[PDB]
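Just so it is clear, none of the values below were taken in a lab; they were calculated from the coordinates. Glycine gets a Cβ as well: all are built from the backbone with ideal geometry, and neighbour counts include every protein chain shown.
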């Protein structure tokens, strides 16, 4: 179930994005509703450090690929 | 007439990407191999759908679009593009490049019918550059030190890897590699390079000199 | 027309170099095998980029340049080089050997167009000797 | 007519070199100041004899000779040198540049008589470049870290100083300074630079951004 | 008096913002000088935790509403 | 002719917002009730000044401006806006929407004189959407 | 003919900047003093290299570029700029303002030859404004 | 006296070179005999670490400045 | 036998070189194989201090005479 | 016609070198004595083979080669060398000086036939200087 996917405290972001995109594209949603759902799940899941990282984006991110690129650039190396 | 790529080659390439990663030189060589004949947008799109995961595939779609847009800007900046024609009726729109134009959506046969060879090679080069960008993006040189027990060839391999797989310009890699050989590479090799009667002006020459005069231990 | 080497053979050769090393006689035999047809500078350059690590690749670039320079000295010492021609307009510069000349930089098709078979075999022998030197030097 | 430089200015410059050193930007500015009018070999030779110690003076004589030899090679490579003439009888030998030619040894008046203005400016530029070389030689960027208690402007000053006063090419200083800002500069500022909504492509822009958004403490 | 308004140690930020905007708009300042004054009072008043929170803003905040939104997002829940 | 809203209704709505909050469905229903007739910029501005605190009022001014700008972009994207006219001389500027145009600043009578009914309904819908945004943002 | 600024004045100004700082009114007065005659890009560049530290010098290069770009935008917005000419062949490019144009790179004599007095005063005012910005930013 | 100058166990090399060049140039030697004497004093004084450093010079050093530059380059940082 | 010649712990280097060159030239080797053998015996015999001295030669020594000269220059006086 | 040096004188000189050493003034005087008449490369080579040990002989071969190379550089710098001739066909190669040229290898009679007296005196002076260098180097 896509709506139950959370980014674990120790999980990296690319694994979380892979799992989420897999569960959203392999589901019962229409094809035209996958990108907005993936974006809004990146924003509300993806534990509050990345949540604030996406929130304070000086540019407007309108695509899952752009969000992934931005987060991978500005992520907290740890 | 359109002929699909072998699923055996595609499966082997997918497993190569799965084990070696996106950035290994063997993987880029394999991609260049399967990028030899000019591919139709359908072929490259399905290829990247199969070999790349979901998130790298999204990144690659973005990068491919950006590179194709740069190509179309250069095309409107020069009416002699091998994708363009002489009159204005042959100007190539992004719907024709991404395979979204009329008579092409989902049909590879019609795609191969209406597309130009210049269109195909431009699409292919754009896709290759986008793959390179995404590979460089998906996965620090100034923090590399030669360990107390590490050999010098391992340190040189690690350093050259991290310097060439970084964000430096191509014309700034050799001086950085040299100056990192001189300041890293624990003080025995530092003094060995310092007291070089000849002037070493290349990483290969420094490596050869150090391998010759190194303290066998 | 340029045809690339199989990435399957290149992957097998890379794993051979990874397990057996650079100096084993089986590795040199495999390199001689993949060095059978005269290769263009693009082919040999990418091959050494893939099979060799970063530091051995730097060493190999150095050694290849030195051997090509010896070849060009022998070429200016004999106007009957299979890479040269009879007139002075066919003299072969190192930009043409290393693939740096005009119409060749980054393009293997144009490379295969302008290059001579003698040029190709000289480049290939030079690359093989450079590989031997670097293998003897690395370990 | 030859006029000597003031011993007061020379004494002040010597004390500047004594307190600030050879490589400080104020010292190089003062040398450029006293290197304004084209000097005769006698003037520059005595100036370097007075302001430099014995060993730096030996080094400077060596470097000046090498630079003058490069100048004479360029002069024999171009008959239109402002020191040369059109015919072969005006070709300038190193004895005339170093002040060793006939009618010049030890006599500044005769020196000023026979020398050309192009000769003077070439000698002067050669001496300035030699001074720069010796100053860079007489007295490590990749070992610079921002201390736990150090401010960011001090760290940036130290890093830019060590990078610009090093053996790197001029075209490789800005990328190195940027990549050292990103990997040094302890992880709070590292994350501050990483999460930059804009792309910072200049050390000045990075410094401005960090100074704006820094944690006041 | 607007220039004497400080955020108390126990006061929330929305109460402080309400009080400050009230005192600044109900004062003798020209209409074109209220927003810059409100911003610069948010930055120098509003006890040093929120001061540092506003200082380390990756984006440039150029409006009292934007500053209020940012602070309400990233405030220390307590 | 301009008629003001009853201060009794405004006081009741202010106390509703004070006890129930900004986001309760009863509060949104009450706002929709007092948002029934098309209001002039003066009316909505004073209403939000009274019912909202200082910080929510700043947020609401921001959001109202943004929504009005979207409306004006749609208006320049379609010359058939009920606020626009057919010729270019009836194009509606943001000074006329926010009540800042000439003959309107501070005067509700002149405001009601020069404004169009389409202008009024667009301003009203914009203010309602801005209130929804701020209510979703405040808590 | 180009005449350099006295290194004595430059040394005194550098020590003034060292003791008083960048923002003191005495320092700005001294800079205005040494900014009296229109300077060539070489002069201002070397002056800021000597009086400013490395990081303030980087900041000043950035700010000077931005201000010169604003000047060039105003210049393309008005063909009557004292740096411009009447025809299109006298339009002033940023390579000519920053001293990067042909016949100017590293040579102050040629610089003084090809530059216009309007060019010089515009460069000087731009450099002064950039110095003010950097001084306000550094402390 | 120039012929009594030794590089101390703790003294740096530039101080030793300064002292030696001072004592040699401020002495009774002819001007044409100072450079060879300075070189041969660099080689025989200047305690055996620097002695061996100068001895094993792949290039031939024929000037006090060149010897000083070489030693400063390849000296044992300590 | 040349292949059994070692430099003794107390023996000087010129004596060792004399003994080695004597035994190599007065042996059954071809004339064209004496110099490489003498060099490679200098490198592997000649106890590890001189071994490291020859190893760390900034120049390439390609003759027994050159090796002897280099070692005599940079040898540890004792 | 070639006449060999007496083995009695050579034995006495060898014992002198054995007891007094290479650097004694008596030894250098004796060498100058046996270096009086211009010797052929064969004579000097055998003389140094007999009087010098193996390692000094290697050093002396090196030094003799270097000095002969300096002589040949001076010879190509002056066509009036007593070893050279006027035309280019008499230019003296190092194979002719070291006795390696055609018709000379191992044969002292042919050597004495083809060699010039200037060649002989140059070879002799070169050998004497090389002996001096090696003697100064050995101890």
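When the scattering of the stretch G:1-138 is computed by the Debye formula from its Cα atoms alone, each counted once and equally, what is log10 I(q)/I(0) at q = 0.15 Å⁻¹?
-0.73
Can you tell me how the protein assembly as shown classifies by the Cα gyration tensor, rounded, prolate or oblate, using a/c under 1.5 as the rounded cut?
Values: a/c = 2.41, a/b = 1.76, b/c = 1.37.
Here the protein assembly as shown falls in the prolate category.
Sort chain E into rounded, prolate or oblate with this rule: let a ≥ b ≥ c be the square roots of the eigenvalues of the Cα gyration tensor; rounded if a/c is under 1.5, and if a/c is not under 1.5, prolate when a/b is larger than b/c, oblate otherwise. Please list the in-between numbers first.
Numbers: a/c = 2.06, a/b = 1.35, b/c = 1.52.
It comes out oblate by the Cα gyration axes.
Between helix J:25-34 and chain J, what is the angle of the helix's C-alpha long axis to the longest principal axis, kept within 0 to 90° and rounded to the nearest 10?
Between the helix axis and the principal axis of chain J, the angle is about 40 degrees.
Could you work out the relative contact order of chain A, using alpha carbon pairs under 8 angstrom and six or more residues apart, expressed as a whole percent?
On the way: 53 pairs, mean separation 24.1, N = 78.
This gives 31 percent for chain A.
If you fit an axis through the alpha-carbon atoms of helix F:54-76 and take the longest principal axis of the Cα set of chain F, what angle between them do you get, 0 to 90°, nearest 10?
The two axes meet at around 30 degrees.
Counting partner chain Cβ atoms within 10 Å of every residue's Cβ in A:49-57, what's the average?
On the way: counts 0, 0, 1, 4, 4, 0, 3, 8, 4.
If you average over the peptide's residues, the count of other-chain Cβ atoms is 3.
Any idea what the relative contact order of chain J is, in percent, if you count C-alpha pairs under 8 Å spaced at least 6 apart? Before the final figure, lay out the partial values.
On the way: 123 pairs, mean separation 48.6, N = 139.
Contact order relative to length: 35 percent.
Got a sec? How would F:70, H:77 order by Cβ neighbour count within 10 Å, fewest to most?
Values: F:70 12, H:77 7.
Arranged by neighbour count, lowest to highest, F:70, H:77 become H:77, F:70.
With an 8 Å cut-off on Cα pairs and a minimum separation of 6 or more residues, tell me the relative contact order of the stretch B:141-213 in percent. Mind showing how you got there, number by number?
Numbers: 49 pairs, mean separation 24.1, N = 73.
Normalised by residue count, the contact order of the stretch B:141-213 is 33 percent.
Round to the nearest 10 and give me the degree value, 0 to 90, for the angle of helix F:117-138's Cα axis relative to the longest principal axis of chain F.
Helix F:117-138 sits at roughly 40 degrees to that axis.
Which FRET efficiency value, to the nearest 0.05, do you get for residue F:29 and residue G:80 by plugging their Cβ-Cβ distance into 1/(1 + (r/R0)^6) with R0 = 56 Å?
Numbers: r = 63 Å, r/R0 = 1.13.
For residue F:29 and residue G:80, the calculated efficiency is 0.35.
Using helices alone, I'd like the mean residue ellipticity at 222 nm for chain H: each DSSP H run of four-plus residues gives -39500 (n - 2.57), total over residue count, nearest 500.
Values: 4 runs with 43 residues, N = 78.
Estimated from H runs of four or more residues: -16500 deg cm²/dmol.
Between the stretch D:96-123 and the stretch J:59-134, how far is it from one alpha carbon centroid to the other, in angstrom?
Computed from Cα coordinates, the inter-centre distance equals 44 Å.
If you count, for every residue in I:60-67, the Cβ atoms of partner chains within 10 Å of its Cβ, what is the mean? Could the numbers behind the result be given before it?
Numbers: counts 3, 0, 0, 4, 5, 11, 3, 1.
That average works out to 3.
Quick check on the exposure proxy: order G:98, G:20 from fewest to most C-beta atoms within 10 angstrom.
Exposure proxy ranking, most exposed first: G:20, G:98.
Quick check on chain B: take the gyration tensor over C-alpha atoms, sort the square-rooted eigenvalues as a ≥ b ≥ c, and tell me if it's rounded (a/c under 1.5), prolate or oblate. Display every interim value, and only then the final one.
Numbers: a/c = 3.43, a/b = 2.31, b/c = 1.49.
Prolate shape, in that a/c is at least 1.5 and a/b is the bigger ratio.
Please report D:6, D:30 as a ranked list, fewest other C-beta atoms within 10 angstrom at the top and most at the bottom. Spell out each step's value before the answer.
Working: D:6 10, D:30 24.
Least crowded to most crowded, the residues run D:6, D:30.
For the stretch A:1-22 and the stretch B:6-83, what is the separation of their Cα centres, given in Å?
Centre-to-centre (Cα) distance: 26 Å.
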